[PDB]
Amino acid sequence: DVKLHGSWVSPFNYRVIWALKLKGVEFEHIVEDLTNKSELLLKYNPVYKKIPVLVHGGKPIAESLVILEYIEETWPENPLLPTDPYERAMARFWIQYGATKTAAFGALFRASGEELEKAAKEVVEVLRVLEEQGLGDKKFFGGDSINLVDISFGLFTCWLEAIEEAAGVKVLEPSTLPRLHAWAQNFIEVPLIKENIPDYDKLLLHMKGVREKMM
């Protein structure tokens, strides 16, 4: 009834898996080959022709951020957004902030030397804003448990850790971002996340490969 088209290393696909598993929704994972895309993926998502795509009752929903809100509205139990409109707007604001800065991270895989060290400092600054103004002193962006904001920022855990190791740069460190680093450790320790993350060695292998073609 619920099908998920996506990659086994994509952080965007994992956001959807986390949300469905937090809701207790049974789903079939359909592995999408990037070199040979199926007839379903080209008709379900004709605009971007990219993953992830959620299919519910044969109807497709693309773009992980739209998918996350569809899951929240379709399965309202175990809420992943607050009910207060101002708090919901702040959650949307931080999610959009992360989505806009998912471009400054690309410079970590293209630049080198003193140009790479400039890109790393820019990413640290983006993370510091998120830490100070978004997370604050809460355990999670969702307060005492993870919400859509934590899910949207989960890529700053093992995916960012793999990029840091592939490019030889340090960005999310305890000395510079103590609260965000403590959050990243707590996020990965949440049993739902721990049981549903890609193998680090396989993910690191992929990030090294991506860095290679991006120079």
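Heads up: residue numbers just count along the shown sequence, starting at 1.
The stretch 106-114 shows the higher mean C-alpha B-factor when 106-114 is compared against 71-79 in the entry. Looking at 124-132 and 96-104 together, the entry lists the larger mean B-factor for 96-104, computed on C-alpha atoms. The residue among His206, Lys21, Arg15, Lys194 whose C-alpha atom has the highest B-factor in the PDB entry is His206. Which of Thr157, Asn186, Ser152, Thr35 has the largest Cα B-factor in the deposited entry comes down to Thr35.
Ranked against the other modelled residues of its chain, the C-alpha B-factor of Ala62 as given in the entry falls in the middle third. Per-chain ranking of the deposited C-alpha B factor places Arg179 in the lowest third. In this PDB entry, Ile30 carries a Cα temperature factor that places it within the highest third of its chain's modelled residues.
Split the chain's modelled residues into thirds by C-alpha temperature factor. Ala166 is in the highest one. Sort the modelled residues of the chain by CA B factor and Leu40 lands in the highest third.
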